[PDB]
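Some notes on the structure that comes next.
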Amino acid sequence: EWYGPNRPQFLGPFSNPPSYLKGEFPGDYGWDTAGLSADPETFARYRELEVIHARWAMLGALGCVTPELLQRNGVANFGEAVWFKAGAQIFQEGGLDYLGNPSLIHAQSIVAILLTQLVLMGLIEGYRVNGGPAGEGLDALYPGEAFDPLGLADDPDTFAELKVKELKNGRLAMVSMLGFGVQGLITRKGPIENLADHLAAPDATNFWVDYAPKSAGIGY
Amino acid sequence: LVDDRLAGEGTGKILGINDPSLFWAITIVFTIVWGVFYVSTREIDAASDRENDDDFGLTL
Amino acid sequence: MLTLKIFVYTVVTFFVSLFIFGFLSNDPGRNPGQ
Amino acid sequence: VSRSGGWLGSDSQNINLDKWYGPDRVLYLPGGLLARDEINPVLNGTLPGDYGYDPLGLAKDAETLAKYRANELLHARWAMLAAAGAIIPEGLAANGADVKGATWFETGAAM
Amino acid sequence: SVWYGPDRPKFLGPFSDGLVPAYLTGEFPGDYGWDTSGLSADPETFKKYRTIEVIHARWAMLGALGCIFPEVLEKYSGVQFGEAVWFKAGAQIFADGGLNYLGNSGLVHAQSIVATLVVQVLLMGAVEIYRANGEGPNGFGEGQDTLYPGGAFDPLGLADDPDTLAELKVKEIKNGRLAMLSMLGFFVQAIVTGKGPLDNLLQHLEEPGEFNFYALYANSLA
Amino acid sequence: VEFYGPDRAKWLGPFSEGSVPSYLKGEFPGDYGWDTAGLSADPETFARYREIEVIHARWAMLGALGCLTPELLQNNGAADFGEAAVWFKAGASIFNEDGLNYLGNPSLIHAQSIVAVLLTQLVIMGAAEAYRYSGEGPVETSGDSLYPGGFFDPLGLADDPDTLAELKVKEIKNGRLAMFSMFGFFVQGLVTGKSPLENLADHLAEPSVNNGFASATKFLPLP
Amino acid sequence: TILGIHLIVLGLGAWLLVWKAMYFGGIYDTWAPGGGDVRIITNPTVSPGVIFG
Ligand code: CHL
Ligand code: CLA
Ligand SMILES: CCCCCCCCCCCCCCCCCC(=O)OC[C@H](CO[C@@H]1O[C@H](CO)[C@H](O)[C@H](O)[C@H]1O)OC(=O)CCCCCCCCCCCCCCCCC
Ligand SMILES: CC1=C[C@H](O)CC(C)(C)[C@H]1/C=C/C(C)=C/C=C/C(C)=C/C=C/C=C(C)/C=C/C=C(C)/C=C/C1=C(C)C[C@H](O)CC1(C)C
Ligand SMILES: CC/C=C/C/C=C\C/C=C\CCCCCCCC(=O)O
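Chains as they are written, first to last, in the entry's author numbering: chain N, 28 to 247; chain W, 388 to 447; chain I, 1 to 34; chain S, 37 to 147; chain Y, 35 to 256; chain G, 27 to 249; chain C, 159 to 211.
Below, the structure written as structure tokens:
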């Protein structure tokens, strides 16, 4: 499974994969209904984009869910725990302190953060797309070596299984992040607060009843 | 007051500009002369029978 | 009085720009040396 | 394919080993103040960090040099660890953290 | 030359060797090797995208100059427009005096929005039909390049040398890309700040450390 | 006027000769030779785009008719809907105290719960669209997936090839107009915040005053 | 290259002068309220209009 002509498809028993989706890459459920990947070059570029987006989305989902959970449980105190309000802490009087204590980061400037991020991220992305200290001729998407310290993907079959698992987790993370963004836009509250409100009264607290009738002619 | 005057001496203006018309005059004339020079600076260099490489110029 | 100031500014900037862009136009190469 | 590369784009490594090894390595005195003939013959630019500095002539032969190199390496590594662990907790506690016995010469009496 | 061939500058500096595609060989102006999304693999789509990009560049250059000109002419001159801000200058057609060019009640004095729209539709449709078809009225402009016509569109003859033409193509495309980015900036600044492009610049120059996006508007955007 | 071959009507009239792409040879219905962005230079992408366009066209016909019908019925007195006559106010109807009563009679549908409606719609249309994507179902159909015929052609007006091609052209040309009109419906509802027929009546009251430019200053940014 | 190196050195010297008036006790200010005295400069004028004036 997961490869070849006998892998699960994106619709179930109603299977009709295109001609260019032979089942050679991870997460190939045969879903191209727009022909966007008919060109092999565009297919490769889209594959790289999807994998990078998946990894970034996993990191972002974890980073958007962790501090709010910590603050709601009472374990730690932050200037702003909500994910879409965490950037405005740099404008507060006390600056930005990691986990609340003033002896961890104590960042005070936004220009310095911007310039340092520009330099560092530009250098590391140039390393990623060209090769640098960690390698010169490794793979574009799965380099390994220094980025696989404890060898977990060495058997070719285990490597493919882990590729599939990573892609599926990243896709779930992307959907969750889009949900985070739209949920914050509509409700103006954090994901954990929305989950708690829904779990309190599932019938009363939802999207349809709460906001849908006020989605035309009335405010939210 | 009895009469009128510019009343700008001993003030400390940038280049003595109290009206935008002076700035416009300066900029327009400078740009015209610069453009005339910029069109011809390629022909002027070629009169030395040499290319403007890193070794160009009067050197000793 | 403002018209006189504008006219004088125009004349002065014209002559100074002529001076600058003439001395920038490969002046060291205009000598009889071989 | 390689396991190492430059930090500043393509063709950026440019490793110059002829500055720390061999007869042209940098010494502990500039060329004007000391000729290369005054260097102890045992120090021939083979071990790393060989600046040719041995005023007391304590390197009689190769065995003594190797033993002293082993001692120096052990002491150096312990020194890095000690310096880091003696400077960092005190700064952490002085900046607002809750650390007991932050100063290195007083942490023993804490417990 | 410097801007053509395999030795041309690239968009990532020294890190750009491993990102340049095999079809961006350095044959057209503005080639920096940026096709990470692979949207120009097909040569036909590449050609259409090049035409779209050049047309957008020219339109954006004109738009940037025309968006910044009447606001500069109001604060630093004696001209009195009905409205100098670019995103508020369309409402002048509904004013009592109509739309007066340069603030003069006898220069254009346009009063009806429907007539202006009809005339614009006629003229722009005619010229864009001529451009798209590649041949104007009575066979005018036949055999000329559809993107770089020349001839009647080059009265001064500044592009009569192929090398000068290539250099000027590079200059035009770079200025156009800069103008496109500046117009995106104009749009977003108009949405967020609500003031003219020149007011933002002058307010920033009043105190650069105090009047920025981060110091004023960043915290109110979430 | 011909609609197939090199002499067909095109998207710029007599001036389309220099703008028709090479790959648009006039082989499919609704071919006016309009491809300026080169989005259909790949045959597979072209076929998928054609399928998407046809499905969008049919959905647009249904949407336009269903948006126009209940408002006309309410205005002519054939039914009572209250504030649900307007096309973008059916979610008010589902959350009504009496529920979604079809045609105003509380004995036709009388839907109360929104979750049930969503679940049944999801199940039914999942089955339908999965069957459509698979290309083979429990019904009698031709080889074509876009134009199945057979079970979906009871009256049988798609027998003669010439009439079938002409009907394909008619379908695509009505669908494109329906799509344009539905886009107009969306934009008008967002801007004016009124009914399409109310907008038509207001425009007819004063065509030189009540037009789209009378609300051009609505979304003006403020300092 | 040599010119750039010495420019960097001179800029470091100017910044060294700046640090004295801010953190290392300040500099004598003859316009200080209540007579001249060694003040500390906390809000320097970095306005482009003031510097260009
Ligand atoms: C001879 C003149 C002639 C002209 C000028 C056109 C022109 C056009 N035809 Mg064609 N046709 C012509 C003859 C014929 N057509 C057709 C058959 C068709 C069909 C079947 C179709 C077209 C379509 C179109 C449009 C395609 C391009 C477009 O949408 O972007 C050009 C437009 C723009 C870039 C801007 C428009 C200018 C306007 C003044 C803008 C005003 C801006 C706002 C006031 C401000 C906006 C506010 C801000 C916030 C956004 C275009 C309007 C297609 C279509 O798009 O229909 C809707 C279509 O499907 N034509 C036939 C029958 C054989 C013709 C016979 O001679
Ligand atoms: C002003 C700039 C200057 C420059 C560009 C040079 C340049 C040179 N020196 Mg000279 N030199 C200078 C001043 C300078 N020197 C001074 C002030 C002294 C007196 C100590 C010397 C004494 C000297 C010796 C003894 C030798 C050279 C030699 C050389 C060469 C470098 C090799 C080397 O090992 O030197 C390194 C020399 C050092 C003094 C050690 C480094 C000390 C660090 C850099 C000082 C940190 C201080 C800081 C930068 C300055 C702050 C004060 C400032 C504001 C004034 C090179 C040609 C060598 C040569 O000729 O070989 C044949 C050599 O033998 N120089
Ligand atoms: C700085 C770039 C230099 C480029 C190369 C120049 C080459 C030489 C060109 C010719 C120069 C001489 C003729 C200049 C005539 C025009 C100027 C004039 O008359 O202004 C006369 C005007 C007077 O402006 C008056 O202002 C009043 C209010 O203040 C009123 O408004 C009056 O009406 C108005 O006339 O002054 C200026 O424009 C100010 C000029 C300031 C110049 C600052 C230069 C900074 C950079 C250089 C620093 C070193 C300068 C030398 C210092 C040591 C000298 C020993
Ligand atoms: C398949 C197919 C096929 C056919 O053919 C066609 C079609 C249909 C089109 C297709 C589809 C597609 C899709 C579905 C897509 C999607 C996407 C997404 C959703 C993404 C996201 C994505 C997402 C993402 C990345 C995300 C990210 C995130 C992040 C970084 C974050 C960050 C952060 C954090 C930590 C925290 C803080 O406090 C804040 C911040 C700073 C903010
Ligand atoms: C208020 C909106 C008004 C819009 C104007 C209405 C209709 C214009 C119709 C067609 C535009 C034709 C433009 C000229 C094309 C032919 C040019 C030629 O060859 O002469």
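From the three backbone atoms N, C-alpha and C, an ideal C-beta is built for every residue, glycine too.
Asked, Found
"Based on Cα-Cα distance, which residue from G:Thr62, G:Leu181 and G:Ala137 lies nearest to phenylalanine 80 of chain Y?", "G:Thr62"
"Near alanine 103 of chain N, which residues of its chain fall below 7 Å by C-beta distance, leaving aside the five closest residues on each side in sequence?", "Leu97, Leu126 and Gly127"
"What does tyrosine 186 of chain C pair with, by DSSP beta-bridge criteria?", "C:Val196"
"Rounded to whole angstroms, how far is the Cβ of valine 112 of chain G from the Cβ of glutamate 97 of chain G, which I believe are closer than 8 Å?", "7 Å"
"Taking only three categories from DSSP, how would you classify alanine 71 of chain N?", "helix"
"Can you pull out the residues from the stretch 49-71 of chain Y whose beta carbon lies closer than 9 Å to at least one beta carbon of chain N?", "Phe49, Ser50, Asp51, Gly52, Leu53, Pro55, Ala56, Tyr57, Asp69, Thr70 and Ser71"
"Could you pull out every residue in the same chain whose Cβ sits closer than 8 Å to the Cβ of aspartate 106 of chain G, ignoring the five residues on either side in sequence?", "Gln100 and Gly130"
"How about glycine 60 of chain Y and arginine 42 of chain Y: do their beta carbons lie closer than 8 Å?", "yes"
"Is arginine 74 of chain N near ligand 1, with its Cβ less than 7 Å from a heavy atom?", "no"
"If the criterion is Cβ atoms closer than 8 Å, does the pair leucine 48 of chain N and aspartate 55 of chain N meet it?", "yes"
"Quick check: is any heavy atom of ligand 2 less than 7 Å from the C-beta of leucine 69 of chain S?", "yes"
"Under the DSSP definition of a beta bridge, which residues are partnered with residue 267 of chain G?", "Since the displayed chain G opens at 27 and closes at 249, residue 267 of chain G lies outside it and no answer follows."
"May I ask whether a heavy atom of ligand 5 can be found less than 7 Å away from the beta carbon of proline 171 of chain Y?", "yes"
"Considering just the uninterrupted stretch of the alpha helix (DSSP H) at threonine 418 of chain W, what are its terminal residues?", "407-433"
"Got a sec: which bits of the stretch 112-146 of chain Y sit with their beta carbon under 9 Å from any beta carbon on chain C, in order along the chain?", "none"
"For chain I, is any of its Cβ atoms less than 8 Å away from the one on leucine 445 of chain W?", "yes"
"Just the Cα atoms here: how many angstroms apart are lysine 36 of chain G and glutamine 223 of chain Y?", "41 Å"
"Going along the chain, which unbroken runs of the beta strand (DSSP E) with 3 or more residues stay wholly within the stretch 214-247 of chain Y?", "none"
"In three-state DSSP terms, what is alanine 180 of chain N?", "coil"
"Can you grab the Cα-Cα spacing for the pair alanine 118 of chain Y / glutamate 108 of chain Y, in whole Å?", "7 Å"
"Between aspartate 224 of chain N and the rest of its own chain, which residues show a CB-CB distance below 7 Å, the 5 nearest in sequence each way excluded?", "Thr232"
"Looking only at its chain, what residues have a beta carbon closer than 7 Å to the beta carbon of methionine 214 of chain Y, apart from the 5 residues adjacent to it on each side?", "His90, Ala91 and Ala94"
"Can the beta-carbon of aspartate 124 of chain N be found less than 8 Å from the beta-carbon of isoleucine 132 of chain N?", "yes"
"Which same chain residues end up closer than 7 Å to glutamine 178 of chain Y when comparing Cβ atoms and leaving out the 5 residues on each side of it in sequence?", "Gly184 and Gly185"
"Kindly list the residues whose CB is nearer than 7 Å to the CB of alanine 137 of chain G, restricted to its own chain and excluding five residues on each side of it in sequence; keep chain order.", "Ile120, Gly125, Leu126 and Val143"
"Let me check you understand the geometry: is the CB of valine 148 of chain Y closer than 7 Å to at least one non-hydrogen atom of ligand 5?", "yes"
"Am I right that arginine 72 of chain N and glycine 72 of chain Y are in contact with their C-beta atoms under 8 Å? What's the rounded C-beta distance?", "4 Å"
"Put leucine 50 of chain G into one of helix, strand or coil per three-state DSSP.", "coil"
"Counting only beta-carbon separations shorter than 8 Å, does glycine 47 of chain Y have a partner in chain S?", "yes"
"Step through the CB atoms of chain Y and report whether any lies within less than 8 Å of the CB of residue 11 of chain N.", "Nothing can be reported for residue 11 of chain N, as the shown portion of chain N is limited to 28 through 247."
"Of the residues G:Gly238, G:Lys196 and G:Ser133, which one's Cα is nearest the Cα of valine 148 of chain Y?", "G:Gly238"
"Can you tell me whether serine 234 of chain G is buried or exposed, with buried defined as 16 or more other CB within 10 angstroms of its CB?", "exposed"
"Would you kindly work out how many angstroms separate the C-alpha atoms of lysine 205 of chain Y and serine 25 of chain I, rounded to a whole number?", "24 Å"
"Using a C-beta to C-beta distance shorter than 7 Å, which residues of chain G count as neighbours of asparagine 43 of chain N?", "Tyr159, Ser160 and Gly161"
"Only counting the same chain, and skipping five residues up and downstream in sequence, which positions put a Cβ closer than 8 Å to that of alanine 187 of chain N?", "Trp29, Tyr30 and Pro53"
"Could you please give me the residues that DSSP links to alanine 134 of chain N through a beta bridge?", "N:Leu123"
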